[PDB]
Structure formats: structure tokens, C-alpha cells
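Colleague: Before I ask anything, here is the structure I am working with.
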Number of protein chains: 2
Amino acid sequence: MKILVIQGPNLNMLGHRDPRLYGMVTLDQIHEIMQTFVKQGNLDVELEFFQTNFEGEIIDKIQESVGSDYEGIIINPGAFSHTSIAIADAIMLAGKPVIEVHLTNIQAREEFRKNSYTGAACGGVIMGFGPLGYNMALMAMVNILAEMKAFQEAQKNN
Amino acid sequence: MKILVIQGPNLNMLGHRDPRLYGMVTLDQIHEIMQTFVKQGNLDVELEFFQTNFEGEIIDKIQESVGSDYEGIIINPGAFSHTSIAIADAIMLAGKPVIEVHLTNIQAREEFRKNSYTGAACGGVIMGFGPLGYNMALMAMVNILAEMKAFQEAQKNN
């Protein structure tokens, strides 16, 4: 149960960014909290982490998810959320749960960040919880999978 | 540790609403899942529940929260999210965490639902997880409180 955690542009440079918005925490620091959340909870989730500043590297990674290894995706497309129809379209073709996270509340920054093409394509969106939103994402994905697959056995047996 | 769970217009009539959007679950059913989440986790949270179709009843309840009994609020202002500057302003004056939940993804319905005045005023927003978003809200609030108060003792002791 590989979850793929895709992180978009400039997220690797957290802790060189405005700390009023982003606190004083790094991308690596986030990803540990995420394992520490898993390791603790005792979810048989394997997390994989992939950061990139390129739109097409995101689309490729989503597309590569289409084969069996991954059961879901937690993605923060970053600033691309607001422009990238392409990443949205990739999210629409994945055949697996995608949950959108933002550290900041994108309802309360510049007007250009309000709309998320990508988040509209995902099942659900979380925003403004800082690093914590990623664990709430994990919570959700684990829950959703358990529902979907509890549901598949309950129709191949009828 | 009373959490106040405010639910807006027409949310009481879930399960007379479009089940393609809202599944086949009631408001009471949601609130049990929420206790069952608490009861289980073993959080010393007392939940209080308040539903209303009136904008001013929301603002009153938030305002009444300003005294000591409540430590946080999880609110789904519903359709008022998109119009009610007043409820937003109430949220801005509460002096306690407010987390916005929506059952549906408000990025993927009519254009009139995209913008949440109220969600911009809250710390954070969750949307599109169905009933599950309320437990992720609980998770978050519990986490946040524990952080804030772990932080108050760490400054009255310096």
C-alpha cells in the first residue's frame, strides 16, 4: 500500500520562505512527521515522496502511478494548482484517490491563488493546516481505501 | 473541552438531498460518527451540535462561544459560506480555532460556490470528504489545541 506523496514547485525550499505563512519547517521535516504518523498509527502504508518544480514531472509521476504499485496519491501541486489544466487532466485519469493539500489557506492569499483547477479534479481538498494537513490527508486516504475495497469484495460476492 | 459543531442551512435535510453529491446519510448519522470517533480515540472532547437555517443564529452561536465554555468550533456554514461577510466577521472575532468543513468539493459545483468568505476567515478548510471531513476536523482541532496550550505554558514560564 504505497501512497505517493507528490510535492510541487518551491516546496523543497520551505524554511527559506515567508515564515509568517509557512512556519519554520522543512520538506524533510514534513515527510518525517508523515512516517511518524504512519509508523505510530500502525498503518501498512509505504509512503513514497517526490518533489519537483516541473509541471511535466508531476504529470509523468501521476501517469506512472497508473500501474498497480500505488493505491492513492496525496499531492500539493503548489502554485501550479491554479493554472495547470494539464495536471488536473492527469488527476482525472489516475483511477485512484487523489487528495489535494495546501499548507496555507488559499482562500486568504492573492486572488490568483483562490481557484484550484487541480483540487477540483481530486476527491477532496485540505488547506491551511500547515504540515498537519498531510497527516489528515493520510487519515483520509487510509479511510477511503478501506471503504472502496470493503466495497469491491461486497460486489464480486454478489 | 467542549467543541461546538455548527451546521448551516439544509444540512438537517441530508438524505432528502441529491445522493449523487451527499450519499445516503443523515445529519444525526454524522454526529454519531463524530462521537464514535471521539469515544474511540479517547479524546476528552465534549461535542455540542447546533444546526440552523438562519444566518443570525450562526453569528449568535459563534458570539456565545466567546465565553470560556468552548475551546474551538468546527463549522459548515453551507450555502452561507459564499455570501455571508457577517459570519466571516464573527469567525474573525471568536478568539479560538475555527475549522471550515464541506461535505462536497466546492471547487467542482456551480461557480457561485467556489469562494468561501467564511473559510478565508477560519484557520483551515476541508472539503469533499463527505462525512469523514468532520472527523479530520476533530483530528485537526485536537492537534491544534494541544499545540497552542503546550505553547502558552511555554511562555508564562519564561
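Cβ placement follows ideal geometry from the backbone for every residue including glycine, while neighbour counts extend to all protein chains displayed. Taken together, the values in this text are just the output of simple stated rules run on the coordinates, not laboratory data.
Colleague: Contour minus end-to-end for B:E48 and B:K149, with contour as 0.36 nm per residue of separation and end-to-end as the Cα-Cα distance? Present the calculation step by step, with values, prior to reporting the outcome.
Modeller: Details: separation 101, 0.36 × 101 = 36.36 nm, distance 2.13 nm.
Separation in residues times 0.36 nm, less the Cα-Cα distance, equals 34.2 nm.
Colleague: Let me ask you something else. Would you mind listing how long chain A runs along its three principal axes, going by Cα atoms, in whole Å with the largest first?
Modeller: 54, 35, 25
Colleague: Still on this structure, please answer the following. Say the cut-off is 18 Å between C-alpha atoms; which of A:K61/A:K149; A:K61/B:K114; A:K96/A:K149; A:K2/A:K149 go over it?
Modeller: Working: A:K61/A:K149 24 Å; A:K61/B:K114 28 Å; A:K96/A:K149 12 Å; A:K2/A:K149 15 Å.
Check vs 18 Å cut-off fails for A:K61/A:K149; A:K61/B:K114.
Colleague: Under a GNM of chain A (C-alpha, springs under 10 Å), which listed residue has the highest mean-square fluctuation: A:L93, A:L47, A:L138?
Modeller: With Cα springs under 10 Å in chain A, the top fluctuation among A:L93, A:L47, A:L138 is at A:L93.
Colleague: Based only on Cα atoms, what mean projected area does the convex hull of region A:1-73 have, in nm²?
Modeller: About 5.3 nm², averaged over all directions.
Colleague: Okay, next question. Which whole-number percent gives the relative contact order of chain B, counting Cα pairs below 8 Å spaced six or more residues apart?
Modeller: Reported as a whole number, the value is 25 percent.
Colleague: Along the charge dipole of chain B, pointing to its positive end and built from +1/-1 on Cβ of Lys, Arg, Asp and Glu, which listed residue (B:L14, B:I126, B:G78) has its Cα farthest out?
Modeller: Farthest towards the positive pole: B:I126.
Colleague: Ordered by residue, what ³J(HN,Hα) values in Hz, to whole numbers, does region A:17-25 give under the Karplus form 6.51 cos²θ - 1.76 cosθ + 1.60, where θ = phi - 60° and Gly and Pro are x?
Modeller: Each residue's phi maps through the Karplus curve to give 9, 3, x, 4, 8, 10, x, 10, 9 Hz.
Colleague: Suppose each label sits 7 Å from its Cα in the direction of the beta carbon; what would the A:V66-A:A79 distance come out to in nanometres?
Modeller: Result for the modelled spin labels: 3.0 nm.
Colleague: Over all directions, how big on average is the projection of the convex hull of the alpha-carbon atoms in the protein assembly as shown, in square nanometres?
Modeller: On the way: hull surface 68.2 nm².
Mean shadow area of the hull around the Cα atoms is 17.1 nm².
Colleague: While we're looking at this one, here's another question. To the nearest 10 degrees, how steeply does helix B:133-156 sit against the main Cα axis of chain B, on a 0 to 90 scale?
Modeller: On a 0 to 90 degree scale, this one is about 20.
Colleague: I would also like to ask the following. With each run of n ≥ 4 DSSP H residues scored as -39500 (n - 2.57), what mean residue ellipticity at 222 nm is computed for chain B after dividing by its residue count and rounding to the nearest 500 deg cm²/dmol?
Modeller: Values: 6 runs with 68 residues, N = 158.
Theoretical 222 nm ellipticity from helices: -13000 deg cm²/dmol.
Colleague: Magnitude of the Cβ-charge dipole of the protein assembly as shown, K/R +1 and D/E -1, about the Cα centre, nearest 20 debye?
Modeller: Numbers: 22 positive and 36 negative charges, 23 e Å.
In debye, rounded to 20, the protein assembly as shown gives about 120.
Colleague: Okay, moving on. Modelling each spin label as a point 7 Å along the Cα-to-Cβ direction, I'd like the A:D28/B:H16 distance in nm, to one decimal.
Modeller: Distance between label points: 5.8 nm.
Colleague: With the cut-off at 1.5 for a/c, could you classify region A:40-120 from its C-alpha gyration tensor as rounded, prolate or oblate?
Modeller: Values: a/c = 2.12, a/b = 1.40, b/c = 1.51.
Verdict is oblate for region A:40-120.
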